[PDB]
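Participant: Build me a model:
(chains A and B, ligands or ions: 1)
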Protein chains: 2
Amino acid sequence: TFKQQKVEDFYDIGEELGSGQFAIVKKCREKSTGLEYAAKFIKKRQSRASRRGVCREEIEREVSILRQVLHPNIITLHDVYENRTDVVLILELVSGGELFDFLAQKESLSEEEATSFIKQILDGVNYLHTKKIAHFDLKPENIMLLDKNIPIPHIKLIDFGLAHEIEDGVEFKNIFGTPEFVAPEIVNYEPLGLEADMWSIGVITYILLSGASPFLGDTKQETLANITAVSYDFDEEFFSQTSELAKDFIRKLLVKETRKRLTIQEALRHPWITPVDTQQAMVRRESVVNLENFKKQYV
Amino acid sequence: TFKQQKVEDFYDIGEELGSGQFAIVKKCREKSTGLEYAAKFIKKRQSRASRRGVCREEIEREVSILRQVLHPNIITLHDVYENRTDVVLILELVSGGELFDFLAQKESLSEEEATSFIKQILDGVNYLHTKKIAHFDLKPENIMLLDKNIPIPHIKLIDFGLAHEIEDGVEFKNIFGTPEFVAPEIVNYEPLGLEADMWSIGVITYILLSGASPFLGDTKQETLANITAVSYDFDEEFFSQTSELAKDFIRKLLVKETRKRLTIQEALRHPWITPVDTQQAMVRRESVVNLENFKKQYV
Ligand SMILES: [Ca+2]
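Facilitator: Residues are numbered from 1 along each chain as shown, chains lettered A, B, ... in the order given. Below is the structure:
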């Protein structure tokens, strides 16, 4: 159930935080408490054939999933309102900007520091996967920071518009997501599961370390072909300062066969995320991110 | 190659006619002639990773295809300008609005009259397929009229944003288009050809006669499933006045196997389009379009 009231009776609506093509997000403040939040206005789809808005069934799904999740690295749902046109989700305010845009301003970044941000993401996704929840839209712009003005920023995974609970012995197939970041089973219209998220993590890791994107072609047709042929390389132009541990981590994620891809638990336990001896920790410490190419590709 | 000049040096730019995600159209008039056209501004994509704009390569392809086609049922290109941000296609002015919107305002409509509009579409597609051009975006909003105010409106296929030349021995695969109208090979990411256009015609015919949509589900996920298993029917609620010839036409278009689907020439020869005896033509004349459900689903 959604509250059948005028949201603006209870919240002062403020400046825009961004706007997808299916939602508009704005700062707000609950009048009764004075606490700040984000108000995510979702336009309800008015007809079955319509390409505008979202069908209330999928909004309900997003809400149902948000309600199950409480974790430091996952956006927190506060409330839901509804009128004739929109459903409005009141969500924890995540104002710190994107992770990538924080990194783009660093003057130095080691793999050690890099892995510490990546672990925050793995913690969030581990939590969802344990609850059998697939995010299905992991990509830099859904990786945000609470506050970009503290020494080590806190990551929050946002936007559960495509998230889905995965049911055993129940097949889920659909096509969606940003081509650059989708797993081969999405392009190939094959059974989807928690594995797609793991693929995305590899692609995001690849970009964070190097500035390059593994499968991105000159056109979408090219991107999809690269994905499905699992066609990519570790160009020395961009990867010459990247550790073998890093590449091994990536290599084990960018795999077509869903059952051979590292799970979230295995990713957390990979030596590049969780060194098992001093030697590995030193190597990681001595490997640097390609800030120069990273900054360049992301501006 | 595109004229590297300021479009408005040569045209008076008028009112906005329409706009999509990747183009905006304004009415215009060439100064030297006084003749009117439509100026289609297409924003150039500025980076490979960017999701905004169209890459020049695909704009070139669209232009390249339009320059090859002169046929009374196909929009006719006049010129192309280019500036810093945009490529501007100067195109024949098609002002009569959408075919569907005109049908929806109709009092009565027989299958004989319906096949008359469908034939116009088949003529345009036949011309295209002869030249090995696949349109790849056959759907209602891309089927316009020159003048809705004459007894028998003149149909014009528009929007070659997705059109592609099909090369023998060259595999083309991609994912695109409107879910309601895409063939199974698009959804399954299989080799694409001229056959996809024939599927689309099937769907459009289904809708035109009945007002209902063969594969339309409650969500995209469902639409994609229906398409792939070719799951549809002729609900008597809507098809009770529709001839067996019409349904046979649709049946032979909505087939999964690309090799068994009717080609464009076979469509053109189908008895529902091209009756061989007085008996068939009577039946057509006596079967009525479901204007009532049609108006409802589209207006
Ligand atoms: Ca497939």
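
Participant: what does chain A put close to the ion?
Facilitator: Residues of chain A lying close to the ion (Cβ under 5 Å from the ion) are A:188-189. The way it works is simple: take the backbone N, C-alpha and C, and place the C-beta from them, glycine included.

Participant: mind checking the SS state of residue A:65?
Facilitator: Put simply, residue A:65 is helix when judged by DSSP: H, G, I helix; E, B strand; the rest coil.

Participant: ok now do the closest residue to it other than its chain neighbours, which residues does it touch?
Facilitator: In space, and not counting its chain neighbours, residue A:65 is closest to residue A:163: 4.9 Å by Cβ to Cβ, 6 or more residues apart in numbering or on different chains. Shown in contact with residue A:163 (Cβ atoms under 8 Å, 6 or more residues apart in numbering or on different chains): A:61-62, A:65, A:128, A:133-137.

Participant: Of those residues, which belong to strands?
Facilitator: Taking DSSP state E, the ones among the contacts of residue A:163 that sit in strands are A:133-134.

Participant: Now restrict the contacts of residue A:163 to buried residues only.
Facilitator: Buried members of the contacts of residue A:163, scored by 16 or more other Cβ atoms under 10 Å in any protein chain shown, are A:61-62, A:65, A:128, A:133-137.

Participant: how about those residues, which pair is most distant?
Facilitator: Across those, no pair lies farther apart than A:61 and A:128, at 14.2 Å, counting by Cβ to Cβ.

Participant: Verify the stated contact: residue A:159 with residue A:137.
Facilitator: Yes - Residue A:159 lies in contact with residue A:137 (Cβ atoms under 8 Å); the separation is 6.0 Å.

Participant: Now do the SS call for residue A:42.
Facilitator: Per three-state DSSP, residue A:42 ends up strand.

Participant: What strand or helix carries the residue lying closest to residue A:7 once chain neighbours are set aside?
Facilitator: Among residues not flanking residue A:7 along the chain, residue A:81 sits closest, at 4.1 Å (Cβ to Cβ, 6+ apart). Per DSSP states H and E: residue A:81 is located in strand A:77-82.

Participant: Then residue A:116?
Facilitator: Per DSSP H and E: helix A:111-130 holds residue A:116.

Participant: rewinding a little: point out the other helices and strands that the strand holding residue A:81 packs with.
Facilitator: The contact analysis (3 or more Cβ pairs under 8 Å, 6 or more residues apart in numbering or on different chains; DSSP states H and E) places strand A:77-82 against helix A:56-66, strand A:86-92.

Participant: quick check: angle from that strand to strand A:86-92?
Facilitator: 170 degrees (axes from the mean of the first three to the mean of the last three Cα atoms, to 10 degrees).

Participant: Helix A:56-66 and strand A:77-82, what's the angle between them?
Facilitator: 160 degrees.

Participant: Can you spell out the domain ranges of chain A, please?
Facilitator: Listed by curated CATH domains, the domain ranges of chain A are A:1-95, A:96-299.

Participant: Now for residue A:110: which residues touch it?
Facilitator: By Cβ under 8 Å, 6+ apart, the neighbours of residue A:110 are A:284-289.

Participant: Make a PyMOL selection of the buried ones in those residues.
Facilitator: Of the contacts of residue A:110, the buried ones go into a single PyMOL selection, burial set by 16+ other Cβ under 10 Å:
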select buried, chain A and resi 284+287+288+289
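
Participant: Taking the centroid of chain A, which residue is nearest it?
Facilitator: Central residue of chain A (Cα atoms, centre = their mean): residue A:138, 2.8 Å from the mean position.

Participant: so the residue lying closest to that residue once chain neighbours are set aside is in which element?
Facilitator: Leaving aside its chain neighbours, residue A:138 sits nearest to residue A:200 (3.9 Å; criterion: Cβ to Cβ, 6+ apart). Counting by DSSP H and E, the element that carries residue A:200 is helix A:195-210.

Participant: Return stretch A:17-35 as PDB; C-alpha atoms alone will do.
Facilitator: Provided in PDB are the C-alpha atoms of stretch A:17-35 (Å, rounded to 0.1, in the frame of the first residue of the first chain):
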ATOM      1  CA  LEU A  17      19.000  16.000  -7.700                       C
ATOM      2  CA  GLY A  18      18.800  14.700 -11.200                       C
ATOM      3  CA  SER A  19      16.200  13.000 -13.400                       C
ATOM      4  CA  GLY A  20      16.200   9.700 -15.200                       C
ATOM      5  CA  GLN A  21      13.900   9.200 -18.100                       C
ATOM      6  CA  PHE A  22      11.400   7.500 -15.800                       C
ATOM      7  CA  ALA A  23      11.800   9.400 -12.500                       C
ATOM      8  CA  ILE A  24      12.600  12.900 -11.300                       C
ATOM      9  CA  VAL A  25      14.500  13.200  -8.000                       C
ATOM     10  CA  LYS A  26      14.400  16.300  -5.700                       C
ATOM     11  CA  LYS A  27      15.700  17.300  -2.300                       C
ATOM     12  CA  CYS A  28      13.000  17.500   0.400                       C
ATOM     13  CA  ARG A  29      12.500  17.900   4.100                       C
ATOM     14  CA  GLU A  30       9.800  16.400   6.300                       C
ATOM     15  CA  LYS A  31       7.900  19.200   7.900                       C
ATOM     16  CA  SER A  32       7.100  17.400  11.100                       C
ATOM     17  CA  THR A  33      10.800  16.500  11.800                       C
ATOM     18  CA  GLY A  34      13.000  18.800   9.800                       C
ATOM     19  CA  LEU A  35      15.000  15.800   8.500                       C
END
